[PDB]
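Only one structure is covered here, and it is reproduced in the block below.
Cβ placement follows ideal geometry from the backbone for every residue including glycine, while neighbour counts extend to all protein chains displayed. FYI, it's all coordinate maths here, none of it is from the lab.
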Amino acid sequence: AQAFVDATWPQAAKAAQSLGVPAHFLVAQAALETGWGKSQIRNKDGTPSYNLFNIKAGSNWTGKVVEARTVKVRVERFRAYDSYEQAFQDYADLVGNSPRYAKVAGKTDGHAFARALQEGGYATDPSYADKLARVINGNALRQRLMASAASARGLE
């Protein structure tokens with residue numbers, strides 16, 4: 001999971017700064033969605049979709065599309081990108097501009113942030129906010145963020 005955090009951090013930071021929320025909120029969200037990178041949607045040719053946020057490809061999406069099965073079994077159409085950078089940019093556009101997500105900006109509490117996404121219709125699971133807040137506030141993420149940093153301070 002460390003490489004996932006290391007890779008997503010700069011992209012998350014860029015997007016978080018445009019969305020007005022802490023960068024680790026977005027790292028946490030991507031981690032929850034993809035099992036810290038382990039369960040990302042993949043193209044048939046083996047290239048990843050880079051779609052860390054599991055964003056569906058609807059009628060207003062004319063980009064690359066990847067089909068993936070969801071839970072009996074439905075085939076769902078997902079957005080696909082050329083990089084994590086592009087995926088984060090598309091996420092930033094959606095959450096930053098869509099009025100349904102207007103409550104996201106300026107949230108500095110994990111649970112408040114997750115509730116704002118849920119209100120926008122990001123996901124409907126009633127436990128979504130609790131589950132995402134747990135990752136945001138958790139020791140697992142904290143340790144990985146510290147490990148990712150170029151600098152650290154001595155105890156004295």
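Using the Cα centre of the range 38-81 as the reference point, and only Cβ charges (+1 on K/R, -1 on D/E), how large is the resulting charge dipole? Debye, rounded to the nearest 20.
Values: 10 positive and 3 negative charges, 30 e Å.
Once rounded to the nearest 20, the dipole reads 140 debye.
Local charge sum around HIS111 (other residues, Cβ-Cβ under 12 Å, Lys/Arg +1, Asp/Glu -1)?
Details: positive: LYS107, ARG115, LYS131, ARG134; negative: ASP109, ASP130.
Within the 12 Å Cβ shell, the charges total +2.
Take the Cα of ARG142, step 7 Å toward its Cβ, do the same at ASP82, and the gap between the two points is 4.0 nm.
Report the trypsin sites (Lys or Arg not before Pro) located in the range 105-156 that are in a DSSP loop and have at most 10 other Cβ atoms inside 10 Å of their Cβ, or state none.
Sites meeting the loop and neighbour criteria: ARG153.
Taking every pair of alpha-carbon atoms in the chain, give the share separated by more than 25 Å as a whole percent. The partial results should precede the final answer.
Numbers: 3455 of 12090 pairs.
In whole percent, the share of Cα-Cα pairs in the chain beyond 25 Å is 29.
Restricting to DSSP H runs of at least four residues, report the calculated mean residue ellipticity at 222 nm for the chain, -39500 (n - 2.57) per run over all residues, nearest 500 deg cm²/dmol.
Helix-only estimate at 222 nm: -14500 deg cm²/dmol.
If the chain linking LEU155 and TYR128 were pulled fully straight, counting 0.36 nm for each residue of separation and taking away their Cα-Cα distance, it would gain 6.1 nm.
Within the chain, how many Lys pairs that are eight or more residues apart, or on different chains, come under 18 Å at the alpha-carbon? Working shown, then result.
Numbers: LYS14/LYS107; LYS38/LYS131; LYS44/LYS56; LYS44/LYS64; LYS56/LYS64; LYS107/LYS131.
Final tally of qualifying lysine pairs is 6.
Whole Å is fine, so just give me how far the alpha carbon centre of the range 69-112 lies from that of the range 2-22. Taking the Cα centre of each part, the range 69-112 and the range 2-22 sit 13 Å apart.
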